[PDB]
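**Student:** There's a structure below that I have some questions on.
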Ligand SMILES: [Zn+2]
Ligand SMILES: [Zn+2]
Ligand SMILES: [Zn+2]
């Protein structure tokens, strides 16, 4: 196994996947690494199994159909994995914890949102459709862009949204378009 967390790239108290060489901090993996379970397989491996069991699941889909899916166990896992992919980028730090807003010439968003809040919401099974999770994720970056206006810091929201969107299209097998 790797000797650094797959998500944050640091060493520490690491749990190793039995079916692949990746390793994780307890609360870096999503869901948090399970108490017992020998052997244990990471989210990466669980996602690869879904694909392998239903090869046609990789055929293109329309975003509108994906959003309307109910959050059955496979969709729950796909959203957990998508969230984890965002935490894998170091720029996610800006979006992880609860924000506050006090900048001359700007007003804070009406509905603040952050990654740890989406993570708690997934853990608590608060989303009934994929659309609820995707809407909160896109709201994180939209709030950032509107608040930071012409400050160059706005770019961090564009960057981390691009990671989210590329991974959304991959994980949910969105039909490729020009
Ligand atoms: Zn970690
Ligand atoms: Zn694995
Ligand atoms: Zn099949």
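None of the figures in this text is laboratory data; all of them are computed from the coordinates on show. Virtual Cβ from ideal backbone geometry, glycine too; neighbours counted across all protein chains shown.
**Student:** Between residue 57 and residue 32, 0.36 nm times their residue separation minus their Cα-Cα distance comes to what?
**Tutor:** My answer for the length gained is 6.4 nm.
**Student:** Which angle from 0 to 90°, rounded to the nearest 10, does the C-alpha axis of helix 154-171 make with the longest principal axis of the chain?
**Tutor:** That works out to roughly 30 degrees.
**Student:** Let me ask something additional. Mind checking the full-extension length gain between residue 91 and residue 138? Use 0.36 nm per residue of separation minus the Cα-Cα distance, one decimal, nm.
**Tutor:** This chain segment gains 15.4 nm when fully extended.
**Student:** Another one. For residue 64 paired with residue 151, estimate the spin-label separation in nm (one decimal), with each label point 7 Å from Cα along the Cα-to-Cβ line.
**Tutor:** Spacing of the two 7 Å Cα→Cβ label points: 3.8 nm.
**Student:** Take the alpha-carbon centre of the stretch 101-147, take the same for the stretch 27-63, and report the distance between them in whole Å.
**Tutor:** A separation of 25 Å, based on Cα centres.
**Student:** Say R0 is 30 Å: what FRET efficiency, to the nearest 0.05, do residue 45 and residue 124 get from their beta-carbon distance?
**Tutor:** The formula returns an efficiency of 0.75 here.
**Student:** Additional query: Mind running the shape call on the chain? Use the C-alpha gyration tensor, a ≥ b ≥ c as the square roots of the eigenvalues: rounded below 1.5 for a/c, prolate if a/b tops b/c, oblate otherwise.
**Tutor:** Oblate is the answer for the chain, as a/c is 1.5 or above yet b/c matches or exceeds a/b.
**Student:** Right, another one. Compute the distance in nm between two label points, each set 7 Å from the Cα along the Cα-to-Cβ direction, one at residue 106 and one at residue 158.
**Tutor:** 1.5
**Student:** At a Förster radius of 30 Å, what calculated FRET efficiency corresponds to the Cβ-Cβ distance of residue 173 and residue 19, to the nearest 0.05?
**Tutor:** It comes to 0.85.
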